[PDB]
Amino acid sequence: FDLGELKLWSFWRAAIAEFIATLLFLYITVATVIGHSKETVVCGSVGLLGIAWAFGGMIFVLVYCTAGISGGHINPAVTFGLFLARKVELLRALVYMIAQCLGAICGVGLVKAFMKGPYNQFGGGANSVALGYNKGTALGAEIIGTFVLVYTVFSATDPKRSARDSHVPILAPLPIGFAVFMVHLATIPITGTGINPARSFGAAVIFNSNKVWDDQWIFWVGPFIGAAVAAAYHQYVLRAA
């Protein structure tokens, strides 16, 4: 009636979907990053533009694949924002965040398994503050970048349709992927662009440097604030539902 449990099984398949999607996200995107960076021929890579596309377009693809199954978060800040507005229950939120973090670690681990030399040599796909910017600028860049993203996800929620056996709204994947694309064009030079604690974490775990670990709180704090401000903006100021 729910007698089948149903549901349950749907909940755990959602967690798996978010685990595998975040793995694919990090594999494809960090492989792109390392592939660009190891390139010897000047203008012989996909460029920073290709990297930006890999991040936005994989979000587009992955949210498309997972919207109806898990709600398609692929991103602890997105889950956190939706949690705050009560579109995600606390247990699912935490399970999604763990799934995403674990998926991200595996995805980056795979890139490193495939091209260990250039992976270590060229920065591990990790986020950190680039030379010429301070921590406050980096944090502000991450807050506002995640705000664009989570503002987009809220505007992209279906108020009638939900992920399977849940009340997690279905998301329109394209505007969300484009938001990620745009924020990369702006934020790559500053931090590489985080806007996704799982993506930053997965890379910090595998690359394992003190420099990167020191900057890592930015990539949790910035996005969670950006996400919280988007949630409040959408739900309370625009009201908006």
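We number the residues from 1 along the sequence you see.
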Point to revise | 34-42 versus 188-196 - which carries the larger mean C-alpha B factor in the record | key: 34-42
Review point. When the C-alpha temperature factors are averaged for each of 151-159 and 109-117, which stretch ends up with the higher value in the entry?
Key: 109-117
**Study point:** Deposited CA B-factor, highest of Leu131, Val95, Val78, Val168
**Key:** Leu131
Review point. Looking at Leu90, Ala99, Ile143, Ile74, which has the highest Cα B-factor in the entry?
Key: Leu90
Practice item. Using the B-factors in the PDB entry, rank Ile69's C-alpha atom against the chain and give the third, lowest, middle or highest. Key: middle
Point to revise | Relative C-alpha B-factor of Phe181, binned into the chain's lowest, middle or highest third | key: lowest
**Study point:** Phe201, C-alpha B-factor rank within chain (lowest, middle or highest third)
**Key:** middle
Study note, to complete from the structure: On the chain's distribution of Cα B-factors, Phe25 falls within the third called lowest
